[PDB]
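What follows is a single chain, given as structure tokens, in the form deposited in one PDB entry.
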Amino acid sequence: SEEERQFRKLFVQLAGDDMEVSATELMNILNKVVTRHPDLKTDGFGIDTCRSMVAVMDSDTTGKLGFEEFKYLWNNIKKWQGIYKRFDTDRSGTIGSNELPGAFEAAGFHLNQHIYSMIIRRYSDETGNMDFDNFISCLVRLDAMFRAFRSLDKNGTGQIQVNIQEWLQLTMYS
């Protein structure tokens, strides 16, 4: 009720003046924040990943992130940050192979070893270890498809059906 007013007050100063956050702007922001926190290893956020972050978070489909979109995104990044440092127990600045299941579960996510391995094949570096920008980029789309699924589990059965359209719409986003 209070922190929002003093938060919105400065979402603007970097929203530009089309009031919404661009993929380029979002990049610019993030890379500016990690360099001030050199204790989180990263090769930086590249344009292409900031595009999909904006894609999946953009939801009124104004192609860019307005306030309630930006806020939600940020709030998650901030949750996942603490989760990074916490479950990074060897202080490498990366979430390593064995640290991963710990954190994701902690991020509310519930997977099998099979899924974890492949995540680690697709999002981790050579050794099994996983960057910061990668870990974030990853959780953002887990979080997306998870809400999207939810948004259709009206039957509650943990089982949704979709058609060609819906399938493309919801997945032409990664």
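Think of the rigid core as the biggest set of C-alphas that the two forms share within 1.5 Å after superposition. Residue numbers run from 1 along the displayed sequence.
From this point on, the text means the form deposited in another entry, which you will not see here.
The Cα position of residue 115 differs by 2 Å or more between the shown form and the other one after fitting on the rigid core. Residue 24 is not among the residues whose C-alpha shifts by 2 Å or more between the shown form and the other one once the rigid core is aligned; its shift stays under 2 Å. The Cα shift for residue 155 between the shown form and the other one, taken after rigid core superposition, is 2 angstroms or larger. In that other deposited form, the CA atoms of residue 15 and residue 140 move farther apart by at least 3 angstroms compared with the shown structure. Between residue 7 and residue 25, the Cα distance is smaller in that other deposited form than in this structure, by no less than 3 angstroms.
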